[PDB]
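Below is one structure, written out as structure tokens; comments come after it.
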4 protein chains.
Amino acid sequence: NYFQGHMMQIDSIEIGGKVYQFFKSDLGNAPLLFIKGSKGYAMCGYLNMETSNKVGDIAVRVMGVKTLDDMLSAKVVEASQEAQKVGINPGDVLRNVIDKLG
Amino acid sequence: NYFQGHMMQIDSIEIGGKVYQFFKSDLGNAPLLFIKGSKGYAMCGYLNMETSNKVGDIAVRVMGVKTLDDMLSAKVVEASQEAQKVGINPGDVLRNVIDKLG
Amino acid sequence: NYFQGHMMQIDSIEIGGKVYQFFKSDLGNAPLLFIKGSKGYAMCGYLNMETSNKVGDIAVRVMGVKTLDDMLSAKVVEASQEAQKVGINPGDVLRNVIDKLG
Amino acid sequence: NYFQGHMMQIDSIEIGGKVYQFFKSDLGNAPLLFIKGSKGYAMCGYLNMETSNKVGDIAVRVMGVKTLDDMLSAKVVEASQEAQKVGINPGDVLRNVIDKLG
């Protein structure tokens, strides 16, 4: 009876006693989604890690994700320099290092 | 693995060639949801119709809804004075008069 | 160069060590805005207090507000039964009792 | 009296009779912002153009932007392959080609 032109989800989640903002929106042929804490963030494949490094962010990039669950179970593909300084490296499962983004 | 403290959904939908904004968020023991067009809006039971009338809105109030589908199939319980002026009355199925809110 | 058909603001704020979700959106001739905590919420004049009481919410209604600052400095006009049980009463300045909504 | 941990703005704007979704959110040391139409999107420096090309999006990347106005007046730094196919090229002012994203 209707057409959905655009969809967005904004959720406040708590992990290990820390609060994070999960966002998901249609963007292109793939959706855009990220999880942001007070210290850093994790984002899907649309994230340009060169930009994260340029501005000194604590950031991680994951790929092939469509949901919050997928992100938490996904392995970090790229970690920013500031993220590596706090122990986050490519290969880590996001759920295991998300605490460092809060 | 996580706790959802708050959830929000924002969707842009098209009906009869008109664009509307559907919003749903946790609020209390019942969720808050509304559909807004360029001319007026429809909202769940949390809407105070006295306020809508006070400020001259074209507004309709529906009850017992939790989703967009529920709202569109719900019957108008209260219609603002400006809404009644354009033909909307209690009893009308929202889907049948939503065009007047765009 | 463009026309703003609809505007929405979603902010995560911290007060007294507690996290709250502030939301503001165009709705009718007056905007819709609320502040929600884990236990209850405060909303502008569009809130139907009868509904809040019906579903057992801890809720407060304020009037004549357009911004977060206005809400925090506004006096509670109506307090739900559950809100009154925890000490919130009409006349209280929201900022002084917001802690009870988290 | 309060601390803003996270801020987000979601606006529905109309340009040349077409509807677009403007989004802005805190992310890292730079904000995240994009404008999305029914056919494609424009995003700030955080956009990974390699990803846009990988999935076949009609996308443009602009830099040094913080507001909707900045984006519309900004020059396209990178254009996806599908975007170039419809005439969009690096150097174009977004406002002058946004119609092709709707």
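The chains referred to below are lettered A, B, ... by the order of the sequence lines, with proteins before strands, and numbering in each begins at 1.
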Counting neighbours of NZ on A/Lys39 that are heavy atoms of other residues, nucleotides or ligands and sit closer than 6.0 Å, is the number greater than 12? no

Close approach to chain A in residues 67-79 of chain B, criterion heavy atom under 4.5 Å: B/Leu68, B/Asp69, B/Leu72

Tabulate, in ascending numerical order, the residues of residues 51-65 of chain A having at least one heavy atom closer than 4.5 Å to a heavy atom of chain B, or enter 'none'. none

If you count heavy atoms of other groups shown closer than 6.0 angstrom to CD of B/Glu50, is the number above 12? no

List, one per line, each side-chain donor-acceptor pair under 3.5 Å for residues 88-97 of chain A, sequence neighbours excluded.
unit_1, atom_1, unit_2, atom_2, d
A/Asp92, OD2, A/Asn89, N, 2.9
A/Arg95, NE, B/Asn1, O, 3.4
A/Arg95, NH2, B/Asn1, O, 2.8

Any residue of residues 3-25 of chain B which, by heavy atoms, sits under 4.5 Å from chain A: B/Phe3, B/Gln4, B/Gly5, B/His6, B/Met7, B/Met8, B/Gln9, B/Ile10, B/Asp11, B/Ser12, B/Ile13, B/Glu14, B/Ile15

